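Shown here is one chain on its own, the form deposited in one PDB entry, set out as structure tokens.
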């Protein structure tokens, strides 16, 4: 048996694992570029397999500055079936890591945080404009290109339900509005640095229930209102992504070092 993966690529390292998958960094021999390659073991469940095959076809159609860049997908059946998915390689440190390395207010300057958030919201608006949704938006699914461009995807590098809409937690039917709820908590978290995991969990749990730290409401009155709206228990009451991105807070964002 000839393995397409082993023939075409030089493996570099394991980047991680999660769900049906394992992810490698590998260099393509012909083009000399390094990629992230996800190897998904197809499940022994026909309905789950149906979903996997649909999802790869869907992701292959997507092109947007804030969405992970697709290259190829293929199947291998060594004498178990594996689906390989080849994407652009992002930096090792994702948004969760980035926030964990910036634990002071000085390291979360408003314009920087809003610039990062805007890119996430724009990726979400793109999905919604295509009649798609993310469903699992959270900092561990938000990475950066080598040049710090925000990239949204379904990464599956398990190292949480904190960002999940109430309707999803309860196992109810849902709409694209689930992503708006996730966005609300992410906006808050970007603006509000933590010193401990315990502090993070307690505060984000309170924020889910619209209980905000007084110093956040005072420092960021505009974003406070935005987060409140995004975290409405009623999905109908949450704003569309397009209305979030058109908010006045996102106008003429600048910071020293910003790409010009």
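Residue numbers count along the first chain shown, from 1. Superpose the two forms; the largest set of C-alphas matching within 1.5 Å is the rigid core.
Separately, the form deposited in another entry exists; it is not shown, and the next lines address it.
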Worksheet item: Does residue 174 show a Cα shift reaching 2 Å between the shown form and the other one after rigid-core superposition?
Response: yes
Discussion item. Once you overlay the rigid core, does the Cα of residue 64 travel 2 Å or further between the shown form and the other one?
Written reply: no
Fill in: Per-residue C-alpha change between the shown form and the other one, residue 52, threshold 2 Å, rigid core fit
yes
Practice prompt. Specify closer or farther for residue 47 and residue 152: how their Cα atoms are spaced in that other deposited form versus the shown form, given a shift of 3 angstroms or more.
Written response: farther
